[PDB]
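1. the data below comprise the sequence and an experimental structure of the protein.
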Protein chains: 6
Amino acid sequence: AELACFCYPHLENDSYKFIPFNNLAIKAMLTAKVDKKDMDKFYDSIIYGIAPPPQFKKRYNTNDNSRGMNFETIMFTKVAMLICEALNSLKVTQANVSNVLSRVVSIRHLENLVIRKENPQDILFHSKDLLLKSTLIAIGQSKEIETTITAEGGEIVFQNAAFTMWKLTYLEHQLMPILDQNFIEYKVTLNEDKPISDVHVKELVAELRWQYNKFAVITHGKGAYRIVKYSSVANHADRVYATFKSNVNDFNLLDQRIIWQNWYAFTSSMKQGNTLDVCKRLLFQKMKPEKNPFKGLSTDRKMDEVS
Amino acid sequence: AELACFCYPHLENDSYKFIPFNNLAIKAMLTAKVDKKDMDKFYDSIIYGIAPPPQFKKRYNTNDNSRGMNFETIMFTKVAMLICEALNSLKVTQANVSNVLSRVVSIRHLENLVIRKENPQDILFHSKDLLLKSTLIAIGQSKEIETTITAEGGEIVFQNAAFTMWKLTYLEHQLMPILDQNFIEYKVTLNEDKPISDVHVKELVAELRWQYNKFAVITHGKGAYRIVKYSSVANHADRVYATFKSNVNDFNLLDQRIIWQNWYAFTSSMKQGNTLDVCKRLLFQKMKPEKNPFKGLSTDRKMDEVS
Amino acid sequence: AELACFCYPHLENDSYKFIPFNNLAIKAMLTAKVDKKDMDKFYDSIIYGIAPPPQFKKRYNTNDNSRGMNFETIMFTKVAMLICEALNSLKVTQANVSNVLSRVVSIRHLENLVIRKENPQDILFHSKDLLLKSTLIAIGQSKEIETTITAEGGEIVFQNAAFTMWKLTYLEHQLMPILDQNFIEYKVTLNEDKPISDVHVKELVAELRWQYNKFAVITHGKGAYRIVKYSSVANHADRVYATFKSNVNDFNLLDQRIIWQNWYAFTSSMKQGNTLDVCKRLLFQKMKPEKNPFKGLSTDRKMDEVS
Amino acid sequence: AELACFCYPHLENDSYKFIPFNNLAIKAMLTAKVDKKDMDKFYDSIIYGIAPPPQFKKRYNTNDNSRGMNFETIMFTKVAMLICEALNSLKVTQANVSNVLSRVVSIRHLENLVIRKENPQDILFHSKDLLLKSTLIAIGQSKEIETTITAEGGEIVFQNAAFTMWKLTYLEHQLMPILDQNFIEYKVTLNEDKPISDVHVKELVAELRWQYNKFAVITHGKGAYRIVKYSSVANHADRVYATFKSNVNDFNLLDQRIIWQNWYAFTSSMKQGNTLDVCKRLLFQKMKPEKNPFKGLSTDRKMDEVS
Amino acid sequence: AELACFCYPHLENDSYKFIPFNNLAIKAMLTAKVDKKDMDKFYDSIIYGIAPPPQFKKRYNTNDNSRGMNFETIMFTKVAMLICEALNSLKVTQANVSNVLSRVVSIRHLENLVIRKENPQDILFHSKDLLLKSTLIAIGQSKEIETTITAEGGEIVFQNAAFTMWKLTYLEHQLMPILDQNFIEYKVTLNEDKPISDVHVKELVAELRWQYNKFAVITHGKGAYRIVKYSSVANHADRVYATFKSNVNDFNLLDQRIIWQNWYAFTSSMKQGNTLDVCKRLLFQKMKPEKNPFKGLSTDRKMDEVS
Amino acid sequence: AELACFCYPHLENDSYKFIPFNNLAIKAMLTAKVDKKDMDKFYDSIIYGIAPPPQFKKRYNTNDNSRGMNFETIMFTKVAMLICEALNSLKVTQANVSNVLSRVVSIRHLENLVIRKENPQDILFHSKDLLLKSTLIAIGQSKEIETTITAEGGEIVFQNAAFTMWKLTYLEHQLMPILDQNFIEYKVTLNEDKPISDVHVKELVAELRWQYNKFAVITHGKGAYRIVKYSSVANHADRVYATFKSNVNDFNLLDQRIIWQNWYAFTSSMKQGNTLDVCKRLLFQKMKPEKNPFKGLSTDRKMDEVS
Ligand SMILES: Nc1ncnc2c1ncn2[C@@H]1O[C@@H](COP(=O)(O)OP(=O)(O)OP(O)(O)=S)[C@H](O)[C@H]1O
Ligand SMILES: Nc1ncnc2c1ncn2[C@@H]1O[C@@H](COP(=O)(O)OP(=O)(O)OP(O)(O)=S)[C@H](O)[C@H]1O
Ligand SMILES: Nc1ncnc2c1ncn2[C@@H]1O[C@@H](COP(=O)(O)OP(=O)(O)OP(O)(O)=S)[C@H](O)[C@H]1O
Ligand SMILES: Nc1ncnc2c1ncn2[C@@H]1O[C@@H](COP(=O)(O)OP(=O)(O)OP(O)(O)=S)[C@H](O)[C@H]1O
Ligand SMILES: Nc1ncnc2c1ncn2[C@@H]1O[C@@H](COP(=O)(O)OP(=O)(O)OP(O)(O)=S)[C@H](O)[C@H]1O
Ligand SMILES: Nc1ncnc2c1ncn2[C@@H]1O[C@@H](COP(=O)(O)OP(=O)(O)OP(O)(O)=S)[C@H](O)[C@H]1O
């Protein structure tokens, strides 16, 4: 959803400070009869403050919408406040307020940051600087690449001198969980954005083949690996393409010894400018088996097990 | 009930400050043997403070009274305090204390104000001035007309540039709910007491015919519409008449394009001084169908639905 | 689903007797690796009997399918037995077994018949002849028209000398309920398929305008009225058209004073052979208001209420 | 309610056999649109059998009626069957069917008989003859006087060689309990309708003064004492009068040493033909204290206690 | 129990300050092997502080004692603190510490004072002076007479210009409730220890005969009436005698028009110095009925009821 | 455990009929003081019948034994009866009774047969002949090889024209479940003990690599595959060896293209007569990768997924 679904602008000494919406003001808005000429204008509930532009009605779950977010939960407020604390430290101007708020961000990524922020064991609970950087990345107001320190978090299922593998807890989310109960997905972040040895790539690749053999190692190109069911690569190919198509934009293919062969092809075809069908095609054909970089990984792990 | 059911007067530097009753002192009073010459005098429980005049015994629910209020709930205290905070800001004199306290007010209206007052999302939670004005109106110590800002509240089911429609939550009240579980009623307040366009009246009327076709649009004449079941107009006619009969008094017929035809007649007959039977009669006859002000409203909404 | 999802054929003295599937045999089948040349052949579980042809896998809900039926419930068995008791009384031949079983029937309609069949207050609980006729109609092996006696049932919300209005209890179904919790739909059956007076049509039409004003009176053309939300007429138009398109077929427009104006147009355009767009178009335009057959109905009911 | 609220007549070999109503047929009826010329005619639900004449709608509790009976409980069926088993043994004729069914009987009295009938410890559970006589008395098709054997039952709180005192369990009834939770009432039946000694009257009177001092000993004149709160004598006086007024009739004043002084006066004034006001008046005046028949009773019981 | 069951002495600047026992130190003590020469000496648990003299083992409930108190409840601590706050304000000396602590007090009376003390509606919650006086009376370190203000409290069932009647809530006590579930007892305190009119005595006596006819009005002679079951007067006679026998002492017969005839006799015989048998005898004989002071009380109340 | 833990012999007309033990007789036995010369003799409880020889005390779980069985569950009885129904159909003689009962059988295998036997969907519920054969195999009184029809059962996770793969439900067993909650194990039975094509072996092998990559395909040599965690092969190697060592014996290596390479080696070394260390050694070394029989299986399944 747009950042304009969580807060509204407010002039306060030349600078713009962002304020969170009360869920009841949103509720009033969803029952309000607005003019087509005001759908893009914030709404005054009179009783519970300002509400989002009524043109975003589809972002909030109601009795006939389960495709939006659960704005009546406390997580909506926590997430809104997180976005506000971030935007407030930018001192946006009377000309970006619009561009900034119309930005679409990942809700699951923000709620995941709230979970990190509130855990006193998480480093984010203690560093407003790290928390800030983590959030700016998520709301698209940063140039940095998400790494382990600034990751959205989740449950750690594998740690290496080079990477940290997380199990995404979207099914358990309060704000906008995933409805498909068969959902399983993992994210691998780079601990440090520096040179990674072969022994550390081999340690990870081995873990991925043995522990997650039914998963395809892909990437959305922003610096982290995404471990998803093969029966889901298609949908990912579509979303990443649609995104690339938005030229109006950098992509990181990541380590080719880790990314699934077909995904690397599909993505390189895309980075070369090709069409969708041309790309998608590559993703389906049983390409020529590349020279396995780390052979034996499977057998070794298997033998260790046997002891 | 009388305001004297929630508090008692107390001289404190020439001015009169009102104090709330402890529920246990009320309980003692209900078991007390008082003299007919003291029924109008406050009662001393000796143990829990001062209690209301024993002549009001019928206002409190007991084992043989369900026609009163649940004074042992916390809502009784919250409501009492609300009344006290209001009266204390008037600095009543040694001659009105009686007149003021003998005033009958709507308990459901006060408990509704407590619910608004305690919600941090409601503007009343932040404006003691607005809260004050809202309460003074309710306890009859104000000249202002209840509008959206100062309304008793409830659940907002429709908002317009001109009105706000609330669903009265009386069934859920702790202090003195409605016992009839088949009860449904809505209130429409004017957002601003100023000139209202036709397009905004049409937006409301359309909503009332489509969404509440089994409801009659009436008014008790204090500036707001009351949406009630047709099978309840009779009782309303009686209560509003009885009230008018109390000449010892202004009435607002409100917009004639909104108020149910028969109700407007019944009320105008009343504002002209007529009798009850003369009025009630008008309310039952299938009067001549007036020239529909906004024709087509029904069909339009219906067609929108179909898309 | 196809009737072949509930039972399988079995030669037994020249005649074909149908046997119900065990849910565990279906489960085995859903885990079975079948050859593309056997997808249309019944499956042997070896342990729990015969299962349906694996080409119907999509009819049964699993961890990745919620678009099918809950075959593990007792209702699956009850429904299967109902279908079997019906087919067994036909003595199908070695040439129809296929045609008969490949017939698609409404599961909600069958489960509704089980609910009637098991209630000792329902006449079906006592007439295997009426139960039979009711089921044959539902499984498409009958020429008769569903009337009140043979209806699928539900909760009776209005009864007339001529019609009976039922509230469809699909949300509560065990076998294949409706997932959309905002679903509300009613069915009106003719008590007797004979001449219906005007006073009895007027009694019904009045009830439909007052009690169900937000509902469009339509029909799927098999002899009964379907009362659905206007925001659902579109989907109905599609399903009825798709069905009509299946020329490889009779349609009953029903009483034109009852069916919604636009639906009658949409359907007559269809009975004339027209295209989809040509028809659908009629359904959206605010046609010229036909001469109201029973005027005043609204006001009368309203006045009765007021007493 | 009328006996016609539980069953309907049916010719079966010159005699009339009564059949119980299905609760669902009653429900259909309550939603049926009947003609004013058929309100007194049984109703055909088409689906659940015959229902009572729609003119009795007020006898059944619905969403807007709590003044009737809970016909959907099993007790409705049990009670209906009890009434049927009784009427069926009378072989009513083609001319009384109406008179018999229009008879108003006490529902609480019948449900009380069902409770006795189903307890294997109660003699009624074993004597269909005694059960029959008990029911005929209750439905007004008998000349006998209710005594201990044929009483409606309840909880036995005192037994004497001459009487049995029962605590009426109406608050616990399923079919038509009493809604006023402050209700307490007892009934005293004569074990044998023969000469009762003074020592046995004294034993009872003593128990009534010591154990039930806040209760007035009255009677509805059908042979049993009714022990009710003094704050309820008024309502009883009205109901017994209204009943007496129905000349279109015998009354038993019962033992004058037991019946409350004022009640005996009120009732004798009634048996003499007087008006209501003339009677009611007697009930309120502090009449001249009659010569206490059994003096000392109080002190004795008190002294026994002290040991 | 002795006050020495709740606290122990401690020299602190010439004065003696009392400290509460930890329940765990009591528990240790109950498992301790003490010498017969130390049974009267406080016990050191080493781990949880000082405990009471092991000679009081019988005051605490254990697995084989239900005749003591539940020292592990919070009420034990609250009660101990109440006793401490009282004794600490006396500044007892190095010669009374023993006499003071060996004093037996009523636990139910103290726990009742804790309940008053903690209720913010009770005046004791606000007056440490009144709380103090109330406690000193209870622990026998005061000359004052318990009146309504300083009563042990309970549920108020009747209030008069002169008296307040309380229902003792011993069954609900945490520290040392009454085990006999059939227990019911009331206490009547004098609001003011001054001249009481006849009309106010008559108001009370009337309430006692009508509302509590099975109760004997007695007194333990310390200024308040005790309303107990006649089947309990005997036990009371014994306890009051045993107490009187403790000459090593003033008694208040109270109003003779209120106290049960026999109790007044039994007590006057005692105040004259007589033996137990001589007294007890008076309590059983059906003495000559004294000239009823307020005749008619019964009939009046009865007549009021009837209206 | 020994079959002598479930029943005892009894001469009845030259033949020996087996009777089940009452759990209470076992309990008595576990508290009985027996002589070392009777430990092998059945025990008479006197009160609950005959119990097992006290030398088997270790087979029953008590307060200090969790290594046995839960003989107090109904499953103990059901299992005992199953064993009895089997032995009774053999008509054992006065010379085998001992040999037969001292036979150790798998309890989990028997309880699994009870679960099949009681399910009306399972073929065993209908064939006492098949049930019999299945049980005789399990208790070691049969020459037949367990196949799908006669398998111990469980949850079917894969079915082929040639095999059926079951998930062992030992964790859920009542009689003697597995305590290690991390336990997962599957069994693959041959549907028919006949020639199996390559396409059907390939279908299975593909399923085993994709769906169970962390599992080693082994066998205990009685005709079925056992799918266990690699971290469990060691324990299996020990149990199968210990068993082989019991020469006082046939082994089926099964299809070498399916059994894990190392397991085939370990087992062939055993079938050749070798020692334990010699065998175990083979199981650990990373043997030379044999020529993959069905290459590509992995990639194909993976590609199918992607569609
Ligand atoms: N309802 C939705 N649920 C999930 N994704 C959506 C939804 N709607 C749009 N998207 C897609 O979200 C993006 C892909 O999913 P995300 O996980 O949100 O991307 P991402 O968070 O940037 O990826 P990472 O974290 O860098 S590996 C595509 O740009 C969008 O097409
Ligand atoms: N127990 C009662 N319950 C509800 N109304 C009562 C009751 N007793 C008296 N009334 C009536 O209360 C008034 C009408 O109901 P209310 O809703 O309280 O009026 P109101 O609150 O002033 O109306 P609004 O808010 O201006 S539309 C009549 O003056 C009284 O007759
Ligand atoms: N999953 C589905 N749920 C509901 N309807 C479906 C579904 N799939 C197909 N249909 C449609 O079912 C038919 C319309 O719905 P139904 O209620 O089943 O028809 P119907 O039961 O014959 O109508 P009646 O009872 O005569 S008014 C259309 O022929 C189909 O397109
Ligand atoms: N809803 C009602 N509840 C109780 N009584 C009613 C009700 N409606 C009418 N009655 C009265 O019922 C009768 C008195 O109550 P009942 O207890 O039913 O009489 P009764 O059962 O004949 O008295 P007994 O058993 O001989 S002492 C009066 O004739 C009626 O006025
Ligand atoms: N376990 C016990 N339970 C109750 N009373 C006891 C117990 N043991 C001794 N007593 C008696 O307690 C006294 C009478 O009971 P209490 O109610 O405690 O007296 P009291 O509290 O002084 O009376 P009041 O309050 O002035 S009317 C007698 O002096 C004792 O015999
Ligand atoms: N407590 C125990 N739990 C499991 N197995 C045991 C236990 N005690 C002994 N065993 C072993 O049981 C055998 C192997 O386990 P099982 O599964 O019972 O064999 P099995 O049932 O014959 O194998 P299948 O069914 O033919 S593949 C070995 O012969 C024994 O060493």
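-> Yep, it's here. Numbers count the residues shown, from 1 in each chain, chains lettered A, B, ... in the order given. Ligands and ions are numbered 1, 2, ... in the order given.
2. wait, is residue A:291 part of a strand?
-> No. Under DSSP: H, G, I helix; E, B strand; the rest coil, residue A:291 falls outside any strand and is assigned coil.
3. strands of chain A, residue ranges please.
-> Under the criterion DSSP state E, strands of chain A are mapped to A:7-8, A:19-20, A:43-44, A:50-51, A:155-159, A:163-167, A:185-190, A:215-219, A:225-229.
4. and the angle from the fifth one to strand A:225-229?
-> Translated: strand A:155-159. 110 degrees (axes from the mean of the first three to the mean of the last three Cα atoms, to 10 degrees).
5. the residue nearest to residue A:302 when sequence neighbours are not counted and residue E:6: what is the separation?
-> With sequence-adjacent residues excluded and distances taken as Cβ to Cβ, 6 or more residues apart in numbering or on different chains, residue A:302 is closest to residue F:230, at 5.7 Å. All C-beta atoms are positioned from the backbone trio N, CA, C, and that covers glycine. Distance, residue F:230 to residue E:6, using Cβ to Cβ, to the nearest Å: 68 Å.
6. look at those two and report which has more neighbours.
-> More crowded of residue F:230 and residue E:6, by other Cβ atoms under 10 Å in any protein chain shown: residue E:6, with 29 against 21.
7. how is chain A partitioned into domains?
-> A:1-144, A:151-307 (curated CATH domains).
8. looking at those, which is closest to residue D:44?
-> Among these, the nearest to residue D:44 by Cβ to Cβ is domain A:1-144 (39.0 Å).
9. and that closest one, how far apart are its ends?
-> This stretch, domain A:1-144, spans 22 Å end to end (Cα to Cα, to the nearest Å).
10. could you do stretch A:290-305 as well?
-> For stretch A:290-305, the separation between the terminal residues is 28 Å (Cα to Cα).
11. same thing with stretch A:283-297?
-> End to end - Cα to Cα - stretch A:283-297 spans 25 Å.
12. so what's the gap between that stretch and the chain middle?
-> The chain centre lies 29 Å from the centre of stretch A:283-297; the measure is Cα atoms, centre = their mean, to the nearest Å.
13. what's the answer for stretch A:162-179, then?
-> 10 Å.
14. check whether that stretch contacts chain C.
-> No. Applying Cβ under 8 Å from any Cβ of the partner chain, one finds stretch A:162-179 out of contact with chain C, separated by at least 10.0 Å.
15. next, the buried residues of that stretch.
-> For stretch A:162-179, a neighbour-count test (16 or more other Cβ atoms under 10 Å in any protein chain shown) marks A:162-166, A:168-170, A:173-177 as buried.
16. cool, and stretch A:132-143?
-> Of the residues in stretch A:132-143, A:132-139, A:141-142 count as buried by neighbour count, 16+ other Cβ under 10 Å.
17. which strand residues bridge the residue nearest to residue A:207 when sequence neighbours are not counted?
-> Closest residue in space to residue A:207, ignoring its immediate chain neighbours: residue A:158 at 5.4 Å, by Cβ to Cβ, 6+ apart. Beta-bridge partners of residue A:158, counted by DSSP bridges, are residue A:165.
18. ok, residue A:158 touching residue A:187?
-> No. Residue A:158 lies out of contact with residue A:187 (Cβ atoms under 8 Å); the separation is 11.2 Å.
19. more neighbours, those two?
-> Neighbours per residue (other Cβ under 10 Å) separate residue A:158 from residue A:187, with residue A:187 holding more: 22 against 17.
20. got the contact list for the residue nearest to the more buried one when sequence neighbours are not counted?
-> In space, and not counting its chain neighbours, residue A:187 is closest to residue A:166: 4.9 Å by Cβ to Cβ, 6+ apart. Residue A:166 makes contact with A:151-157, A:186-189 under the criterion Cβ atoms under 8 Å, 6 or more residues apart in numbering or on different chains.
21. go again using 10 Å as the cut-off
-> By Cβ atoms under 10 Å, 6 or more residues apart in numbering or on different chains, residue A:166 lies in contact with A:112, A:148, A:151-159, A:185-189, A:224, A:227.
22. what subset of the residues you listed is buried?
-> Buried by 16+ other Cβ under 10 Å: A:112, A:148, A:151-154, A:158, A:185-189, A:224, A:227, out of the contacts of residue A:166.
23. the residue in the stretch 151-300 of chain A that ligand 4 sits nearest to: what's its closest spatial neighbour, skipping adjacent residues?
-> The nearest approach of the stretch 151-300 of chain A to ligand 4 comes at residue A:174, 52.3 Å away (Cβ to the nearest ligand atom). With sequence-adjacent residues excluded and distances taken as Cβ to Cβ, 6+ apart, residue A:174 is closest to residue A:75, at 4.0 Å.
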